[PDB]
There are 2 protein chains.
Amino acid sequence: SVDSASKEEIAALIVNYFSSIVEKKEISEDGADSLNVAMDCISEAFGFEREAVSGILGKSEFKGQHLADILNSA
Amino acid sequence: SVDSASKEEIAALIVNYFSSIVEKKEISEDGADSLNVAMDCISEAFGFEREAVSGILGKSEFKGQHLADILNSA
């Protein structure tokens with residue numbers, strides 16, 4: 001009986017994070033490309049859009065994460 | 001002045017999560033493939049191994065995440 005949220009909610013947080021990393025350009029452009037295709041494959045897997053993260057993230061407040069420890073929640 | 005941890009620490013948590021998803025087979029094998037190549041591209045970007053997550057995760061206790069909200073920390 002785990003409670004690590006749903007892979008959907010997590011994936012949204014995940015791709016939004018990399019979208020933020022490439023946004024702020026905290027990573028080399030070569031690595032950024034690898035992140036872009038990564039997020040694409042992630043979104044491909046669960047069948048969602050990377051800009052739909054808002055709807056999904058707003059669906060999950062979490063019980064530990066939420067805010068502050070991750071600023072890419074919203 | 002953000003404090004959302006380092007993209008390294010996060011990436012490790014990220015790939016380990018998908019590794020757990022495909023482990024428990026919570027996702028279709030087609031989606032699993034997309035996750036596998038995703039994790040590969042993620043690991044490619046930051047230049048790390050997906051099994052090295054332990055070393056990286058043990059490097060980050062986090063201030064909100066840590067445990068319970070995510071069981072794929074350890």
# chains A, B, ... in the order shown; residues from 1 in each chain; ligands from 1
>>> residues_around(residues="residue 61 (chain B)", least_positions_apart="6", cutoff="10 Å", atoms="only C-alpha atoms", output="NGL selection string")
:B and (5 or 9 or 67 or 73)
>>> write_last_selection(atoms="N, CA and C atoms", output="JSON list (two decimals), in the first residue's frame")
[["chain", "number", "residue", "atom", "x", "y", "z"],
["B", 5, "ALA", "N", 16.08, 22.50, -5.03],
["B", 5, "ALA", "CA", 17.12, 21.48, -5.08],
["B", 5, "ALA", "C", 17.92, 21.63, -6.37],
["B", 9, "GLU", "N", 19.94, 16.16, -8.48],
["B", 9, "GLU", "CA", 19.21, 15.42, -7.45],
["B", 9, "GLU", "C", 17.81, 15.06, -7.94],
["B", 67, "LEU", "N", 10.57, 11.58, 2.35],
["B", 67, "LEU", "CA", 9.97, 10.26, 2.43],
["B", 67, "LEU", "C", 8.46, 10.36, 2.52],
["B", 73, "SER", "N", 12.38, 7.34, -3.03],
["B", 73, "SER", "CA", 13.57, 8.04, -2.55],
["B", 73, "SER", "C", 14.65, 7.04, -2.17]]
>>> residues_around(residues="residue 52 (chain B)", least_positions_apart="4", cutoff="12 Å", atoms="only C-alpha atoms", output="JSON list (two decimals) with N, CA and C atoms, in the first residue's frame")
[["chain", "number", "residue", "atom", "x", "y", "z"],
["B", 8, "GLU", "N", 20.35, 17.87, -10.79],
["B", 8, "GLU", "CA", 20.98, 16.56, -10.64],
["B", 8, "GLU", "C", 20.16, 15.66, -9.70],
["B", 9, "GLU", "N", 19.94, 16.16, -8.48],
["B", 9, "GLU", "CA", 19.21, 15.42, -7.45],
["B", 9, "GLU", "C", 17.81, 15.06, -7.94],
["B", 11, "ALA", "N", 16.69, 14.89, -11.12],
["B", 11, "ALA", "CA", 16.76, 13.94, -12.23],
["B", 11, "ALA", "C", 16.90, 12.51, -11.73],
["B", 12, "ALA", "N", 17.72, 12.31, -10.70],
["B", 12, "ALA", "CA", 17.92, 11.00, -10.11],
["B", 12, "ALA", "C", 16.61, 10.45, -9.56],
["B", 13, "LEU", "N", 15.89, 11.30, -8.84],
["B", 13, "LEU", "CA", 14.60, 10.94, -8.27],
["B", 13, "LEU", "C", 13.62, 10.61, -9.40],
["B", 15, "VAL", "N", 14.22, 9.60, -12.68],
["B", 15, "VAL", "CA", 14.47, 8.36, -13.41],
["B", 15, "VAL", "C", 14.20, 7.14, -12.53],
["B", 16, "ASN", "N", 14.55, 7.24, -11.25],
["B", 16, "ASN", "CA", 14.30, 6.15, -10.31],
["B", 16, "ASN", "C", 12.80, 5.89, -10.18],
["B", 43, "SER", "N", 19.34, 10.85, -18.35],
["B", 43, "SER", "CA", 20.66, 10.45, -17.89],
["B", 43, "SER", "C", 21.74, 10.96, -18.84],
["B", 47, "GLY", "N", 24.48, 13.44, -17.62],
["B", 47, "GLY", "CA", 25.64, 12.57, -17.63],
["B", 47, "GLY", "C", 25.75, 11.69, -16.40],
["B", 48, "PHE", "N", 24.73, 10.89, -16.15],
["B", 48, "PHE", "CA", 24.74, 9.99, -15.01],
["B", 48, "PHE", "C", 24.09, 8.66, -15.37],
["B", 56, "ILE", "N", 23.09, 9.71, -5.51],
["B", 56, "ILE", "CA", 22.58, 11.07, -5.68],
["B", 56, "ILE", "C", 21.42, 11.36, -4.72],
["B", 57, "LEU", "N", 20.52, 10.40, -4.58],
["B", 57, "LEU", "CA", 19.37, 10.55, -3.69],
["B", 57, "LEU", "C", 19.82, 10.62, -2.24],
["B", 58, "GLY", "N", 20.78, 9.79, -1.87],
["B", 58, "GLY", "CA", 21.38, 9.88, -0.54],
["B", 58, "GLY", "C", 22.08, 11.20, -0.30],
["B", 59, "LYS", "N", 22.34, 11.94, -1.38],
["B", 59, "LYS", "CA", 22.97, 13.24, -1.29],
["B", 59, "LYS", "C", 21.94, 14.31, -0.92],
["B", 74, "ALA", "N", 14.22, 5.91, -1.63],
["B", 74, "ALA", "CA", 15.13, 4.85, -1.23],
["B", 74, "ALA", "C", 14.39, 3.52, -1.18]]
>>> interface_residues(of="chain B", to="chain A", cutoff="9 Å", atoms="only C-alpha atoms", output="ChimeraX atom specification")
/B:2-5,7,10-11,14,17-18,21,26-28,30-47,62-72
>>> select_by_dssp(residues="chain A", states="alpha helix (DSSP H)", output="VMD selection string")
chain A and resid 7 to 23 29 to 46 53 to 57
>>> write_last_selection(atoms="N, CA and C atoms", output="compact mmCIF listing (two decimals), in the first residue's frame")
# COMPACT_ATOMS: atom_id res chain seq x y z
N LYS A 7 1.48 8.31 -11.02
CA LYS A 7 2.48 8.51 -12.06
C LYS A 7 2.11 9.65 -13.01
N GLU A 8 0.81 9.89 -13.19
CA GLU A 8 0.33 11.03 -13.96
C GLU A 8 0.78 12.35 -13.33
N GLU A 9 0.42 12.53 -12.06
CA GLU A 9 0.74 13.75 -11.32
C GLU A 9 2.24 13.99 -11.29
N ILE A 10 2.98 12.92 -11.03
CA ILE A 10 4.43 12.99 -10.94
C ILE A 10 5.03 13.38 -12.29
N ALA A 11 4.59 12.72 -13.36
CA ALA A 11 5.09 13.00 -14.71
C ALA A 11 4.93 14.47 -15.07
N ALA A 12 3.78 15.04 -14.72
CA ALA A 12 3.52 16.45 -14.98
C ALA A 12 4.53 17.34 -14.27
N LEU A 13 4.78 17.03 -13.01
CA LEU A 13 5.75 17.77 -12.21
C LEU A 13 7.14 17.61 -12.83
N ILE A 14 7.43 16.40 -13.27
CA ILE A 14 8.71 16.06 -13.88
C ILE A 14 8.99 16.88 -15.14
N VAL A 15 8.08 16.84 -16.10
CA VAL A 15 8.29 17.53 -17.37
C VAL A 15 8.31 19.04 -17.17
N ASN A 16 7.46 19.54 -16.28
CA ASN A 16 7.42 20.97 -15.98
C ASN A 16 8.75 21.42 -15.38
N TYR A 17 9.39 20.53 -14.62
CA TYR A 17 10.68 20.83 -14.02
C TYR A 17 11.74 21.01 -15.11
N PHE A 18 11.82 20.06 -16.03
CA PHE A 18 12.79 20.15 -17.12
C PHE A 18 12.48 21.33 -18.03
N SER A 19 11.19 21.62 -18.19
CA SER A 19 10.77 22.78 -18.96
C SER A 19 11.27 24.06 -18.30
N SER A 20 11.37 24.04 -16.98
CA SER A 20 11.89 25.16 -16.22
C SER A 20 13.41 25.22 -16.33
N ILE A 21 14.05 24.05 -16.32
CA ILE A 21 15.51 23.97 -16.44
C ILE A 21 15.98 24.53 -17.77
N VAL A 22 15.29 24.18 -18.85
CA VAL A 22 15.64 24.68 -20.17
C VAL A 22 15.19 26.14 -20.32
N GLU A 23 14.12 26.50 -19.61
CA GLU A 23 13.65 27.89 -19.56
C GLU A 23 14.75 28.80 -19.03
N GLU A 29 22.78 23.38 -24.03
CA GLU A 29 21.75 23.24 -25.06
C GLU A 29 21.69 21.82 -25.60
N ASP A 30 22.82 21.12 -25.55
CA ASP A 30 22.86 19.72 -25.96
C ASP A 30 22.07 18.87 -24.98
N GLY A 31 22.30 19.11 -23.70
CA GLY A 31 21.55 18.43 -22.67
C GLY A 31 20.09 18.83 -22.70
N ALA A 32 19.83 20.11 -22.98
CA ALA A 32 18.48 20.62 -23.12
C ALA A 32 17.70 19.84 -24.18
N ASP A 33 18.36 19.56 -25.30
CA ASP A 33 17.73 18.77 -26.36
C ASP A 33 17.34 17.39 -25.84
N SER A 34 18.26 16.77 -25.11
CA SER A 34 18.01 15.46 -24.53
C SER A 34 16.84 15.52 -23.54
N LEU A 35 16.71 16.65 -22.84
CA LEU A 35 15.59 16.84 -21.92
C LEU A 35 14.28 17.03 -22.69
N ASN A 36 14.35 17.78 -23.78
CA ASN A 36 13.18 18.03 -24.61
C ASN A 36 12.59 16.73 -25.15
N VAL A 37 13.45 15.88 -25.71
CA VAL A 37 12.99 14.60 -26.24
C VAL A 37 12.58 13.66 -25.11
N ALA A 38 13.22 13.82 -23.95
CA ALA A 38 12.85 13.05 -22.77
C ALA A 38 11.43 13.37 -22.35
N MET A 39 11.14 14.66 -22.18
CA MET A 39 9.81 15.11 -21.82
C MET A 39 8.79 14.67 -22.85
N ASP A 40 9.20 14.67 -24.11
CA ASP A 40 8.34 14.23 -25.20
C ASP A 40 7.97 12.77 -25.04
N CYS A 41 8.96 11.95 -24.70
CA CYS A 41 8.74 10.52 -24.50
C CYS A 41 7.92 10.27 -23.23
N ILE A 42 8.12 11.10 -22.22
CA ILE A 42 7.33 11.02 -20.99
C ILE A 42 5.87 11.33 -21.28
N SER A 43 5.65 12.43 -21.99
CA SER A 43 4.31 12.86 -22.37
C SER A 43 3.68 11.83 -23.31
N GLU A 44 4.51 11.23 -24.15
CA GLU A 44 4.08 10.18 -25.05
C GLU A 44 3.56 8.97 -24.28
N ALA A 45 4.28 8.61 -23.22
CA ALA A 45 3.95 7.43 -22.43
C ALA A 45 2.58 7.55 -21.76
N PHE A 46 2.36 8.65 -21.06
CA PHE A 46 1.12 8.82 -20.29
C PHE A 46 0.03 9.50 -21.12
N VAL A 53 0.42 20.53 -17.68
CA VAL A 53 0.93 20.32 -16.32
C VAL A 53 0.13 21.09 -15.28
N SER A 54 -0.32 22.29 -15.61
CA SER A 54 -1.08 23.11 -14.68
C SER A 54 -2.31 22.36 -14.15
N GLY A 55 -3.15 21.91 -15.08
CA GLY A 55 -4.32 21.12 -14.73
C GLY A 55 -4.00 19.91 -13.86
N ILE A 56 -2.91 19.22 -14.19
CA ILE A 56 -2.53 18.01 -13.46
C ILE A 56 -1.92 18.36 -12.10
N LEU A 57 -1.05 19.35 -12.08
CA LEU A 57 -0.40 19.78 -10.85
C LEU A 57 -1.42 20.37 -9.87
>>> decode(residues="chain B", atoms="C-alpha atoms", output="short mmCIF file (atom, residue, chain, number, x, y, z; two decimals), in the first residue's frame")
data_model
loop_
_atom_site.label_atom_id
_atom_site.label_comp_id
_atom_site.auth_asym_id
_atom_site.auth_seq_id
_atom_site.Cartn_x
_atom_site.Cartn_y
_atom_site.Cartn_z
CA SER B 1 16.73 32.92 -5.07
CA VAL B 2 15.01 29.57 -5.59
CA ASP B 3 15.58 26.42 -3.56
CA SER B 4 14.02 23.63 -5.58
CA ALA B 5 17.12 21.48 -5.08
CA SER B 6 19.56 20.76 -7.88
CA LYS B 7 18.53 19.41 -11.28
CA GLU B 8 20.98 16.56 -10.64
CA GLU B 9 19.21 15.42 -7.45
CA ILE B 10 15.81 15.84 -9.06
CA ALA B 11 16.76 13.94 -12.23
CA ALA B 12 17.92 11.00 -10.11
CA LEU B 13 14.60 10.94 -8.27
CA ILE B 14 12.82 11.28 -11.61
CA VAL B 15 14.47 8.36 -13.41
CA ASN B 16 14.30 6.15 -10.31
CA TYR B 17 10.56 6.83 -10.22
CA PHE B 18 10.01 5.70 -13.82
CA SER B 19 12.31 2.75 -13.12
CA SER B 20 9.89 1.88 -10.32
CA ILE B 21 6.85 2.40 -12.56
CA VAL B 22 8.20 -0.04 -15.14
CA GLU B 23 9.38 -2.30 -12.30
CA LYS B 24 5.88 -2.65 -10.90
CA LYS B 25 4.55 -2.54 -14.46
CA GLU B 26 2.08 0.21 -13.57
CA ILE B 27 2.28 1.30 -17.20
CA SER B 28 1.72 -0.40 -20.56
CA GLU B 29 4.86 -1.86 -22.15
CA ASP B 30 4.63 0.63 -25.01
CA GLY B 31 4.60 3.50 -22.55
CA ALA B 32 7.31 1.74 -20.57
CA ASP B 33 9.53 1.85 -23.66
CA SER B 34 8.89 5.58 -23.95
CA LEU B 35 9.85 5.92 -20.27
CA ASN B 36 13.01 3.86 -20.78
CA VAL B 37 14.23 6.07 -23.62
CA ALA B 38 13.09 9.11 -21.63
CA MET B 39 15.22 8.13 -18.64
CA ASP B 40 18.05 7.43 -21.07
CA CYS B 41 17.80 10.94 -22.48
CA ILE B 42 17.57 12.37 -18.96
CA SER B 43 20.66 10.45 -17.89
CA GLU B 44 22.29 11.50 -21.16
CA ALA B 45 21.62 15.17 -20.40
CA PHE B 46 23.13 15.32 -16.92
CA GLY B 47 25.64 12.57 -17.63
CA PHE B 48 24.74 9.99 -15.01
CA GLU B 49 23.64 6.37 -14.67
CA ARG B 50 20.11 5.33 -13.71
CA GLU B 51 21.47 2.95 -11.09
CA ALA B 52 23.57 5.73 -9.57
CA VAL B 53 20.38 7.28 -8.21
CA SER B 54 21.20 5.89 -4.76
CA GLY B 55 24.37 7.96 -4.42
CA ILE B 56 22.58 11.07 -5.68
CA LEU B 57 19.37 10.55 -3.69
CA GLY B 58 21.38 9.88 -0.54
CA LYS B 59 22.97 13.24 -1.29
CA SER B 60 19.62 14.98 -0.94
CA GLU B 61 17.34 14.61 2.07
CA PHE B 62 15.14 17.47 0.82
CA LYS B 63 13.12 19.74 3.12
CA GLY B 64 9.65 18.79 1.98
CA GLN B 65 9.88 15.61 -0.09
CA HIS B 66 12.25 13.24 1.72
CA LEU B 67 9.97 10.26 2.43
CA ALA B 68 6.34 9.09 2.51
CA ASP B 69 5.17 11.50 -0.19
CA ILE B 70 7.61 9.70 -2.47
CA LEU B 71 8.61 6.13 -1.68
CA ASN B 72 11.08 5.98 -4.55
CA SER B 73 13.57 8.04 -2.55
CA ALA B 74 15.13 4.85 -1.23
#
